[PDB]
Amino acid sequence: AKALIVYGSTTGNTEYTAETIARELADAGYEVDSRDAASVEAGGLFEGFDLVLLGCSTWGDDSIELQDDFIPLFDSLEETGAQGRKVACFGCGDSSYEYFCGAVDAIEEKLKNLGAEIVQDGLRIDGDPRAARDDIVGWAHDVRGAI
């Protein structure tokens, strides 16, 4: 099985989350390609992957803003080959904001409308993902069981 993980992370929490997922997947035998959104090209990006996981923190406080490095990929998701693709999303946020993990919501809805197959509800991490490390592992399990 081939997995792509693409993360947008400003302070490293969604990156940590991505690394934790990647290790879970690889330990189970998946091929895993992990890329920072800051360096990816959207065109054809999901091509040849059995599973794509997109990670993005939420910013903006009074509005939903996606993690800065992830915006160009978001704005180009129609060119990624999401139709029929198995995908799931994750990201860090903080529930004291009005729009908790709103980036995850946004990405999920964009993927769905593109015809992607969302194989699991998004992983919405409240606070430090190091304090949610067992939720991360479990979600990576759930994703493997859902494909």
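Sequential numbering from 1, following the sequence displayed.
**Student:** Between 79-87 and 95-103, which has the higher average C-alpha B-factor in the PDB entry?
**Tutor:** The deposited B-factors put 79-87 ahead on the C-alpha mean.
**Student:** In the PDB record, does 65-73 or 33-41 carry the higher mean Cα temperature factor?
**Tutor:** It is 33-41 that shows the higher mean C-alpha B-factor.
**Student:** Test of reading the entry: by CA B factor among the chain's modelled residues, which third contains residue 111?
**Tutor:** Its C-alpha B-factor belongs to the middle third of this chain's values.
**Student:** State the tercile, meaning the lowest, middle or highest third, of residue 22 with respect to the CA B-factors recorded for its chain.
**Tutor:** CA B-factor rank for residue 22: lowest third.
**Student:** Based on the deposited C-alpha B factors for this chain, I'd like to know if residue 126 is in the lowest, middle or highest third.
**Tutor:** Ranked within chain, residue 126 CA B lands in the lowest tercile.
**Student:** Place residue 136 in the lowest, middle or highest third of its chain's C-alpha B-factors, as listed in the PDB entry.
**Tutor:** For residue 136, the deposited C-alpha B-factor lands in the lowest third.
**Student:** Just say lowest, middle or highest third for the CA B-factor of residue 51 relative to the other modelled residues in its chain.
**Tutor:** Middle third - that is where residue 51 ends up once the chain's C-alpha B-factors are sorted.
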